[PDB]
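Participant: Quick one: experimental structure and sequence below.
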Amino acid sequence: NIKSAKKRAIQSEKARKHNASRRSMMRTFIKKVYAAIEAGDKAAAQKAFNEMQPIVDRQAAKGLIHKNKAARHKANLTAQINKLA
Amino acid sequence: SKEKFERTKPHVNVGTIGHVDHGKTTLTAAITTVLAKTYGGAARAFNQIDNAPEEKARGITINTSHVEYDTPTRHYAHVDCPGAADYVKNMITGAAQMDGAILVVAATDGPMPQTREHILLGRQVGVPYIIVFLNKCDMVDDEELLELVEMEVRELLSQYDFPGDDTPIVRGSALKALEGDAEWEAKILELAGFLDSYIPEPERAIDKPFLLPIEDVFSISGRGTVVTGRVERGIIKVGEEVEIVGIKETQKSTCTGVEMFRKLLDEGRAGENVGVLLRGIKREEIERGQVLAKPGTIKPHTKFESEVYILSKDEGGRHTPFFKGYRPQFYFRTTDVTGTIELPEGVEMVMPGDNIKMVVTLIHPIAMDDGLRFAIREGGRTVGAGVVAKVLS
Amino acid sequence: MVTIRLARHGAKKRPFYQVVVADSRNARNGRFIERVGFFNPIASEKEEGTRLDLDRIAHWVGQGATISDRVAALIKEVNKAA
Amino acid sequence: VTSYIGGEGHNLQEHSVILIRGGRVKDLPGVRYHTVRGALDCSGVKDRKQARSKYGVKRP
Amino acid sequence: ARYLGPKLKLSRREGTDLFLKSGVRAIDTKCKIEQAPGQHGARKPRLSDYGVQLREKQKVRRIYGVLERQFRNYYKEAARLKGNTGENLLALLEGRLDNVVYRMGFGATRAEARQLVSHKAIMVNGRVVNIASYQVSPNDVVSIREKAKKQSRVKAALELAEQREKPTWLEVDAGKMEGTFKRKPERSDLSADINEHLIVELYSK
RNA sequence: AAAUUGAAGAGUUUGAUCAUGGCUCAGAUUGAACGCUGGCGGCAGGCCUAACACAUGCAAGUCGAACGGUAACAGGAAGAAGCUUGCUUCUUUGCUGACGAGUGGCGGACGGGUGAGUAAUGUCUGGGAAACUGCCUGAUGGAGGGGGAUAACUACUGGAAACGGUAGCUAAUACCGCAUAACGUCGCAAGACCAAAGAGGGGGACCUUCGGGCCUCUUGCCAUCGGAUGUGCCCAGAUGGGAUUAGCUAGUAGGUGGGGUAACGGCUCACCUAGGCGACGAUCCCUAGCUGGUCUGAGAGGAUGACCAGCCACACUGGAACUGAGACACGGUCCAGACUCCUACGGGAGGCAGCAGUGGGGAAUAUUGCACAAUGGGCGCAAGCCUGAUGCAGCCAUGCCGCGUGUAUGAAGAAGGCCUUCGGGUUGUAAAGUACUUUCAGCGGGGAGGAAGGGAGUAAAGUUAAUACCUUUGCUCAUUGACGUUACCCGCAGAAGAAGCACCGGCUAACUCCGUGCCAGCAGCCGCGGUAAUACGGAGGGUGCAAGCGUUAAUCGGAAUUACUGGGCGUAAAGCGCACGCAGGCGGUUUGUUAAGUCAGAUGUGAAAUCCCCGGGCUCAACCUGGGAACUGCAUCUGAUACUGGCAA
RNA sequence: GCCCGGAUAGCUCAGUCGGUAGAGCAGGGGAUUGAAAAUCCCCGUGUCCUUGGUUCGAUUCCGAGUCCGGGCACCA
Ligand SMILES: Nc1nc2c(ncn2[C@@H]2O[C@H](COP(=O)(O)OP(=O)(O)OP(=O)(O)O)[C@@H](O)[C@H]2O)c(=O)[nH]1
Ligand SMILES: [Mg+2]
Ligand SMILES: [Mg+2]
Ligand SMILES: [Mg+2]
Ligand SMILES: [Mg+2]
Ligand SMILES: [Mg+2]
Ligand SMILES: [Mg+2]
Ligand SMILES: [Mg+2]
Ligand SMILES: [Mg+2]
Ligand SMILES: [Mg+2]
Ligand SMILES: [Mg+2]
Ligand SMILES: [Mg+2]
Ligand SMILES: [Mg+2]
Ligand SMILES: [Mg+2]
Ligand SMILES: [Mg+2]
Ligand SMILES: [Mg+2]
Ligand SMILES: [Mg+2]
Ligand SMILES: [Mg+2]
Ligand SMILES: [Mg+2]
Ligand SMILES: [Mg+2]
Ligand SMILES: [Mg+2]
Ligand SMILES: [Mg+2]
Ligand SMILES: [Mg+2]
Ligand SMILES: [Mg+2]
Ligand SMILES: [Mg+2]
Ligand SMILES: [Mg+2]
Ligand SMILES: [Mg+2]
Ligand SMILES: [Mg+2]
Ligand SMILES: [Mg+2]
Ligand SMILES: [Mg+2]
Ligand SMILES: [Mg+2]
Ligand SMILES: [Mg+2]
Ligand SMILES: [Mg+2]
Ligand SMILES: [Mg+2]
Ligand SMILES: [Mg+2]
Ligand SMILES: [Mg+2]
Ligand SMILES: [Mg+2]
Ligand SMILES: [Mg+2]
Ligand SMILES: [Mg+2]
Ligand SMILES: [Mg+2]
Ligand SMILES: [Mg+2]
Ligand SMILES: [Mg+2]
Ligand SMILES: [Mg+2]
Ligand SMILES: [Mg+2]
Ligand SMILES: [Mg+2]
Ligand SMILES: [Mg+2]
Ligand SMILES: [Mg+2]
Ligand SMILES: [Mg+2]
Ligand SMILES: [Mg+2]
Ligand SMILES: [Mg+2]
Ligand SMILES: [Mg+2]
Ligand SMILES: [Mg+2]
Ligand SMILES: [Mg+2]
Ligand SMILES: [Mg+2]
Ligand SMILES: [Mg+2]
Ligand SMILES: [Mg+2]
Ligand SMILES: [Mg+2]
Ligand SMILES: [Mg+2]
Ligand SMILES: [Mg+2]
Ligand SMILES: [Mg+2]
Ligand SMILES: [Mg+2]
Ligand SMILES: [Mg+2]
Ligand SMILES: [Mg+2]
Ligand SMILES: [Mg+2]
Ligand SMILES: [Mg+2]
Ligand SMILES: [Mg+2]
Ligand SMILES: [Mg+2]
Ligand SMILES: [Mg+2]
Ligand SMILES: [Mg+2]
Ligand SMILES: [Mg+2]
Ligand SMILES: [Mg+2]
Ligand SMILES: [Mg+2]
Ligand SMILES: [Mg+2]
Ligand SMILES: [Mg+2]
Ligand SMILES: [Mg+2]
Ligand SMILES: [Mg+2]
Ligand SMILES: [Mg+2]
Ligand SMILES: [Mg+2]
Ligand SMILES: [Mg+2]
Ligand SMILES: [Mg+2]
Ligand SMILES: [Mg+2]
Ligand SMILES: [Mg+2]
Ligand SMILES: [Mg+2]
Ligand SMILES: [Mg+2]
Ligand SMILES: [Mg+2]
Ligand SMILES: [Mg+2]
Ligand SMILES: [Mg+2]
Ligand SMILES: [Mg+2]
Ligand SMILES: [Mg+2]
Ligand SMILES: [Mg+2]
Ligand SMILES: [Mg+2]
Ligand SMILES: [Mg+2]
Ligand SMILES: [Mg+2]
Ligand SMILES: [Mg+2]
Ligand SMILES: [Mg+2]
Ligand SMILES: [Mg+2]
Ligand SMILES: [Mg+2]
Ligand SMILES: [Mg+2]
Ligand SMILES: [Mg+2]
Ligand SMILES: [Mg+2]
Ligand SMILES: [Mg+2]
Ligand SMILES: [Mg+2]
Ligand SMILES: [Mg+2]
Ligand SMILES: [Mg+2]
Ligand SMILES: [Mg+2]
Ligand SMILES: [Mg+2]
Ligand SMILES: [Mg+2]
Ligand SMILES: [Mg+2]
Ligand SMILES: [Mg+2]
Ligand SMILES: [Mg+2]
Ligand SMILES: [Mg+2]
Ligand SMILES: [Mg+2]
Ligand SMILES: [Mg+2]
Ligand SMILES: [Mg+2]
Ligand SMILES: [Mg+2]
Ligand SMILES: [Mg+2]
Ligand SMILES: [Mg+2]
Ligand SMILES: [Mg+2]
Ligand SMILES: [Mg+2]
Ligand SMILES: [Mg+2]
Ligand SMILES: [Mg+2]
Ligand SMILES: [Mg+2]
Ligand SMILES: [Mg+2]
Ligand SMILES: [Mg+2]
Ligand SMILES: [Mg+2]
Ligand SMILES: [Mg+2]
Ligand SMILES: [Mg+2]
Ligand SMILES: [Mg+2]
Ligand SMILES: [Mg+2]
Ligand SMILES: [Mg+2]
Ligand SMILES: [Mg+2]
Ligand SMILES: [Mg+2]
Ligand SMILES: [Mg+2]
Ligand SMILES: [Mg+2]
Ligand SMILES: [Mg+2]
Ligand SMILES: [Mg+2]
Ligand SMILES: [Mg+2]
Ligand SMILES: [Mg+2]
Ligand SMILES: [Mg+2]
Ligand SMILES: [Mg+2]
Ligand SMILES: [Mg+2]
Ligand SMILES: [Mg+2]
């Protein structure tokens, strides 16, 4: 390509390697809660929720995840713990 | 079109002349590799002098190719002529712009019919100086046989009105100097010395207004249509008004970049081959034969009086009388053109070897002024030289 | 970032600037919120020249609108200067 | 299509590229165009003086 | 831009004296006026309703020295202005600078006044003006500059203006070549012969 | 005060007529083209077809006050070596200033270009929100302790190149812990949970271990809550043509529940119900960017959407996401396809519907312009550097406007041409000649206004421990123009340099004759031309128009020939063969009652430009431009309730 | 830049290997009927695409050109 600001074509390739890793980490911790939900009482689910709550809020602050995404991942997920168990 | 051409060392337009398949084009290939190795100029090769399908399957050259070899004293500009009997028309354009030729007669074959036709065209058009070069040598290992050919070349030039005995004859194989033989490399370095010594500094016309005959039109995927040729008189500055006059009619234009062998120029001076660039003109509408003049200097004419000197059998021309309605080819600066002759009153017939004036109506108009020199030709041969007397149109 | 800038209208060799409140991203002559007076550089010593409604400037600059290099000085021209 | 060649005499033959303007003749059924005299290969009419924009002729 | 042809020929075709060839002498009696427009002036014309209108339009053009493109623009301005469309056509023509300079007396003919305007001689409100179609505003002071003041062509031409009717809407000094355009010209003040009515009709269709 | 003063007909069917009715013409135009003649200025304009293919130069960079770099480069300082001992050679020095490379940050999504698609996802007005919002900004003040590593640089290799790998090594506002938390997020609440980066201009006092510890200020970095700003969505009507397209439709139409979205939603799933759209045109088809406007018109309308400005859409063709405040990204990425290039045949580059330029297709349409001086726009603490944004330099009458090829007198009514009843007429005061001016071109000299600033120094006022730096304001300096031999002015010389092309039976201003004898040709309609032509060529008077004029194409007009304003249907074209009848259109009449229609008012809005009036500004004018009206809207809120409807008796 | 083909009286075609070119359709001095279907007579009415050469003599054999046809290349 015909720009010295190509740097952004690599720089962004370098970004998403990191950006996908922290994103994948969060959604595995959310999957850990959804795994605990289904056949489990008020114990294993809320332990997994207590683990992911710091992780989801942290990634919301960095600009990876928007604060509304994080708000739903508590709101709808706490309702699964509250209603079922 | 990147590096700027520095105006140092006098420009001279050189070119090879000689018989068919006589080491004429191969001489140009030898001069490049010899001069480029020792002095340290640009290299090039024998291929770039003549490629295409026409000059490979056959081997013979048609197009007037150009080469630029440099030396301490002067900056030369080569013009390799075709050489055959069929290619005399495009040769005369290459031979007209040439100042000092390099004749090519060979030590095995010797002088041949075309060699006499080439030197004939050189005199009437304009070839002041000439240098001989034996382009085989090594094939016939003998002292007496090779030197007998040198005598007949001295006879030819002196017979056809050149210096002859005074011309510096050189010997040397072109193919031997192409590889790397120390004896034959030095013998063509001697030819470069003979070019400097014999041919003097050429006299230009950098005062009277701009004119430039077109030898070959290009359509450079570049800039637009480009026209090549030697600047006959005046100068060419970039972004200057240029009127194209000659065949068809007349068209206004402007120069947007002059060059010298793929290198930039500010001022295209007189007496040097340059590729002048024209603005807002297509490939087809501009053709070969027209001239790049300054607006108002020259006007296209289709009728003119002219003092024609007809040749006899001894000089080389017609041997029979002719009457009004005869149509020969009139070679002006570059191109030729057909035209009907109208003789004066009190002249029944024009005999060969005679001085008379006559009106000449041309089929195509060409740019001309009073005191322009031309050479009439017909039937694959010369007819009569002359000069323009009066304008009519 | 909203900004108060000159728009450049008028004929060739005869400029007439329409000082105007617009978004920075929008083009010079294009989109704007509201025009706030004008400027005429080729007016000379006579009746009219430069007019700039200072009440509307306080509504934008007081909020948060940057003033361009020229319009900043046309404020300095209209208030005090002489 | 078919195109009417105006004026007296012409240089059109076999091929020859010609410019065509609109306008019926109202006589020849089918002909609905004119050849512009002067444009391209279609030359001007010989010896016309009055009305020479039509018929594409130069000054005298 | 200008006619620059045989000027008195126009007066015969029209019939009436157009003041094109007025000049130093008062009356011509030097063209066979009325009865010789061209080769066939003896031919009595039938003269249609389109004719009389087109003749009347050409009369007012040729008097004031104006061309169809510029004259058609005066109609467009005259229509857009208040009051009578006919009276405005004439009033806008009369407000021209080459007309005012003629009516002041600084020019034997209207073409002379036009050249005198053109050639930087005329000056109004301390400003030089080259334009013949300069619309002279009410309450102005046209005058000649000190360089070309009291030259050969003007002094002889001003003596002719004493024989002329002399407008009421403008005033002239005569001593120091100084004029004063006061009010806009009234219909009843000037002409009383050239019909505006027919010109208003011609352009309407 | 003003804001509209605006409405023409004629030829043509017949022996003649009046009607009906087509056909044609006079006028406006324009992204025009060609033709003929081919002088200027000003303000404009300039690939409509191939969204065709593109070589060559360019169009987004930028920051040393974020950091390693003791630096790629060019240059001072401690010291060195030659020898003309200051002339030269030359190692160290953040150390001279800065900066090629690089990580960072912020820009590249704006600003430019083109209408391929799109008949509604889009556009216009009017609404609503269920939203996000880098940089600007108003608060609330934090801003504390750590630690891997990571390029460049080596080191070592792979590759023809493009572009890698492996061993170290190191830097940061880069990167992730960490304590830390609010009116923040979540919960019914108790609780739990969630962040940051330091720089730089200066310093008296005292620590000096000199890296200066430490105080100042300016800026950055944060946390929500509010601005302003764009952007996402959503509903109302409006926005082409076709029924020789009447049936289309299965995530289809709704529900519950889960996921996902910045945000709601069949956005997407699982199940449930059987819908939904449709004769006030669904579906399918063809064509089409849309609007402000433009052209036209008496107006209603009709046509159109080049230039300027708003919005959408697209980027070699089909996809997908990544990065971001913003893109599913014209000059990013990755595939896929077609098309040209380079090679060591292994794999590679490749995107002008930027700006110039080119080849092509064409009736046809620009300069491989100069500059950041200017307003912007990007980054920067400032200088700056970048910009084909923008201005402007050229080209072309393609136009709009204003200038000019002189202006007086001039009778022998000359010559010559043309006509003639040969008496004369006419060309024609035309010309020749006499009076003269001499705006433009051409020369020679003056010379504005586009320029605001920025920079370097000064006196004060803020700041503070401080008369230092820093911030602000006066004040002295020397400067900044691509245009540019500028706008404009003044002297010079001498009418000198400076014309047009239509047609001239009729309609339509303008006729005499030599005619090429239904030949040559003319023509927009009626028609001309067949040995006496105003209708053909030609000479020739005019007629007409002017640096243009013609021809042609195209839209309206006239055409009241799609008629709403404003036509008809006995015989001219046109009453279904005649009934019944749902949907639809219309509906007698007096008292209530509503307020949908209807009207009155008011508020909001109908972007700017355009149009118009009043003005002003350039020598006037086009042109630009200040200020009002308007934008036949729509929306609401409150009232007249006669008239229409509804709901009543 | 160079290779090839094409041209014959007004139009459509015959004729040539040097022996000096013809046909219809044409048209004209031409008669019919105010012009006329069918009539008669009558000529070719010619730069053999142009020009030169080898020649006793060239359409015809050999150069050089004209404008047009189609083919292959060169990037200052
Ligand atoms: N033995 C020998 N042969 C040579 C020499 N130089 C050239 N040649 C030969 O000559 C030929 C070159 O002929 P040129 O006349 O140069 O080529 P050309 O100019 O294209 O030929 P034309 O265009 O036909 O004149 C080649 O085939 C060579 O083999 C030499 O020195 N010795
Ligand atoms: Mg995975
Ligand atoms: Mg996983
Ligand atoms: Mg934690
Ligand atoms: Mg992100
Ligand atoms: Mg001034
Ligand atoms: Mg700036
Ligand atoms: Mg027509
Ligand atoms: Mg005619
Ligand atoms: Mg004009
Ligand atoms: Mg009208
Ligand atoms: Mg009023
Ligand atoms: Mg009107
Ligand atoms: Mg009749
Ligand atoms: Mg009848
Ligand atoms: Mg033209
Ligand atoms: Mg033309
Ligand atoms: Mg010209
Ligand atoms: Mg312009
Ligand atoms: Mg296009
Ligand atoms: Mg199209
Ligand atoms: Mg297209
Ligand atoms: Mg393309
Ligand atoms: Mg380059
Ligand atoms: Mg490039
Ligand atoms: Mg530093
Ligand atoms: Mg750097
Ligand atoms: Mg981009
Ligand atoms: Mg976009
Ligand atoms: Mg744009
Ligand atoms: Mg854009
Ligand atoms: Mg363009
Ligand atoms: Mg467009
Ligand atoms: Mg558009
Ligand atoms: Mg919608
Ligand atoms: Mg959308
Ligand atoms: Mg609202
Ligand atoms: Mg918010
Ligand atoms: Mg940011
Ligand atoms: Mg960002
Ligand atoms: Mg933020
Ligand atoms: Mg702040
Ligand atoms: Mg407070
Ligand atoms: Mg407080
Ligand atoms: Mg604060
Ligand atoms: Mg660390
Ligand atoms: Mg470490
Ligand atoms: Mg490593
Ligand atoms: Mg390591
Ligand atoms: Mg360190
Ligand atoms: Mg650190
Ligand atoms: Mg960080
Ligand atoms: Mg903790
Ligand atoms: Mg705590
Ligand atoms: Mg709550
Ligand atoms: Mg930290
Ligand atoms: Mg600090
Ligand atoms: Mg510091
Ligand atoms: Mg401290
Ligand atoms: Mg908003
Ligand atoms: Mg489903
Ligand atoms: Mg997002
Ligand atoms: Mg109408
Ligand atoms: Mg439309
Ligand atoms: Mg366009
Ligand atoms: Mg433009
Ligand atoms: Mg635009
Ligand atoms: Mg939108
Ligand atoms: Mg694509
Ligand atoms: Mg796509
Ligand atoms: Mg898609
Ligand atoms: Mg993101
Ligand atoms: Mg988004
Ligand atoms: Mg897009
Ligand atoms: Mg997508
Ligand atoms: Mg691009
Ligand atoms: Mg692909
Ligand atoms: Mg490239
Ligand atoms: Mg490129
Ligand atoms: Mg382009
Ligand atoms: Mg082109
Ligand atoms: Mg073409
Ligand atoms: Mg250039
Ligand atoms: Mg430049
Ligand atoms: Mg530049
Ligand atoms: Mg610069
Ligand atoms: Mg500069
Ligand atoms: Mg700037
Ligand atoms: Mg600063
Ligand atoms: Mg650059
Ligand atoms: Mg010109
Ligand atoms: Mg106008
Ligand atoms: Mg004379
Ligand atoms: Mg000059
Ligand atoms: Mg002034
Ligand atoms: Mg200035
Ligand atoms: Mg200043
Ligand atoms: Mg000033
Ligand atoms: Mg300062
Ligand atoms: Mg100081
Ligand atoms: Mg300069
Ligand atoms: Mg300059
Ligand atoms: Mg000057
Ligand atoms: Mg000006
Ligand atoms: Mg004189
Ligand atoms: Mg004279
Ligand atoms: Mg006949
Ligand atoms: Mg027409
Ligand atoms: Mg006679
Ligand atoms: Mg006629
Ligand atoms: Mg006639
Ligand atoms: Mg005449
Ligand atoms: Mg026209
Ligand atoms: Mg109508
Ligand atoms: Mg009717
Ligand atoms: Mg009937
Ligand atoms: Mg009937
Ligand atoms: Mg019927
Ligand atoms: Mg009936
Ligand atoms: Mg019913
Ligand atoms: Mg009803
Ligand atoms: Mg009723
Ligand atoms: Mg009803
Ligand atoms: Mg109501
Ligand atoms: Mg109302
Ligand atoms: Mg209102
Ligand atoms: Mg508006
Ligand atoms: Mg306005
Ligand atoms: Mg007024
Ligand atoms: Mg005004
Ligand atoms: Mg004014
Ligand atoms: Mg003024
Ligand atoms: Mg206007
Ligand atoms: Mg306004
Ligand atoms: Mg208003
Ligand atoms: Mg009112
Ligand atoms: Mg209103
Ligand atoms: Mg309006
Ligand atoms: Mg009420
Ligand atoms: Mg009631
Ligand atoms: Mg009442
Ligand atoms: Mg009621």
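Facilitator: Yep, that arrived. Numbers count the residues shown, from 1 in each chain, chains lettered A, B, ... in the order given. Ligands and ions are numbered 1, 2, ... in the order given.
Participant: contacts and neighbour counts: CA atoms only from here.
Facilitator: Fine.
Participant: helix/strand/coil for residue B:91?
Facilitator: Under DSSP: H, G, I helix; E, B strand; the rest coil, the three-state class of residue B:91 is helix.
Participant: Nearest residue to it in space, please, no chain neighbours.
Facilitator: residue B:81 (5.6 Å; Cα to Cα, 6 or more residues apart in numbering or on different chains).
Participant: you'd agree the one you found is up against residue B:95?
Facilitator: Yes. Taking Cα atoms under 8 Å as the definition, residue B:81 is a contact partner of residue B:95 at 7.4 Å.
Participant: intersection of neighbour lists for those two?
Facilitator: Contact criterion Cα atoms under 8 Å, 6 or more residues apart in numbering or on different chains; residues shared by residue B:81 and residue B:95: residue B:15.
Participant: quick revisit: quickly note the distance from the residue nearest to residue B:91 to residue B:92.
Facilitator: 9 Å (Cα to Cα, to the nearest Å).
Participant: more neighbours, the two?
Facilitator: Using other Cα atoms under 10 Å in any protein chain shown, the more surrounded residue of residue B:81 and residue B:92 is residue B:81, with 27 against 23.
Participant: Could you pull up the residues touching the more buried one?
Facilitator: B:15, B:16, B:17, B:25, B:62, B:63, B:64, B:65, B:91, B:94, B:95.
Participant: Out of the residues you listed, the closest to residue B:144 would be?
Facilitator: The shortest approach to residue B:144 among the contacts of residue B:81 belongs to residue B:17, at 25.3 Å (Cα to Cα).
Participant: Please name the nearest non-neighbouring residue to that closest one.
Facilitator: Residue B:17 sits nearest to residue B:103 (Cα to Cα, 6+ apart), 4.7 Å away.
Participant: same for the host helix or strand of that neighbour, what does it pack against?
Facilitator: Per DSSP states H and E: residue B:103 is located in strand B:100-104. In terms of contacts (3 or more Cα pairs under 8 Å, 6 or more residues apart in numbering or on different chains; DSSP states H and E), strand B:100-104 is packed against strand B:11-18, strand B:129-134.
Participant: quick one: it near ligand 1?
Facilitator: No. Strand B:100-104 is not in contact with ligand 1 by Cα under 6 Å from any ligand atom; minimum separation 9.0 Å.
Participant: quick one: strands adjacent to that strand?
Facilitator: Paired neighbours of strand B:100-104 in the sheet (DSSP bridges): strand B:11-18 (parallel), strand B:129-134 (parallel).
Participant: To residue E:84, which of those strands lies closest?
Facilitator: Of the strands paired with strand B:100-104, the one closest to residue E:84 (Cα to Cα) turns out to be strand B:11-18, at 82.3 Å.
Participant: roughly how far is that closest one from the heart of the chain?
Facilitator: 8 Å (Cα atoms, centre = their mean, to the nearest Å).
Participant: ok, residues contacting it?
Facilitator: Under Cα under 8 Å, 6+ apart, the answer for strand B:11-18 is B:24-25, B:27-28, B:74-81, B:83, B:95, B:97-105, B:114-115, B:118, B:201-202, B:271-273.
Participant: Restricted to buried residues, select these in ChimeraX.
Facilitator: Here is the ChimeraX command that selects the buried residues among the contacts of strand B:11-18 (16 or more other Cα atoms under 10 Å in any protein chain shown):
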select /B:24,25,27,28,74,75,76,77,78,79,80,81,83,95,97,98,99,100,101,102,103,104,105,114,115,118,271,272,273
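Participant: How about the contacts made by the closest residue to RNA strand G within chain D?
Facilitator: Of the residues in chain D, the one nearest RNA strand G is residue D:15, at a distance of 6.6 Å by Cα to the nearest atom of the strand. For residue D:15, no contacting residues are found, by Cα under 8 Å, 6+ apart.
Participant: Also residue E:114?
Facilitator: E:97, E:98, E:99, E:101, E:132 are the contacts of residue E:114 under Cα under 8 Å, 6+ apart.
Participant: Compare these and tell me which has the most neighbours.
Facilitator: Using other Cα under 10 Å as the neighbour test, those are led by residue E:98, with 33 neighbours.
Participant: Assign a three-state SS to that one, would you?
Facilitator: Residue E:98 - assigned by three-state DSSP - is helix.
Participant: In strands, which of the contacts of strand B:11-18 appear?
Facilitator: The strands, defined by DSSP state E, take in B:75, B:76, B:77, B:78, B:79, B:80, B:100, B:101, B:102, B:103, B:104, B:273 from these.
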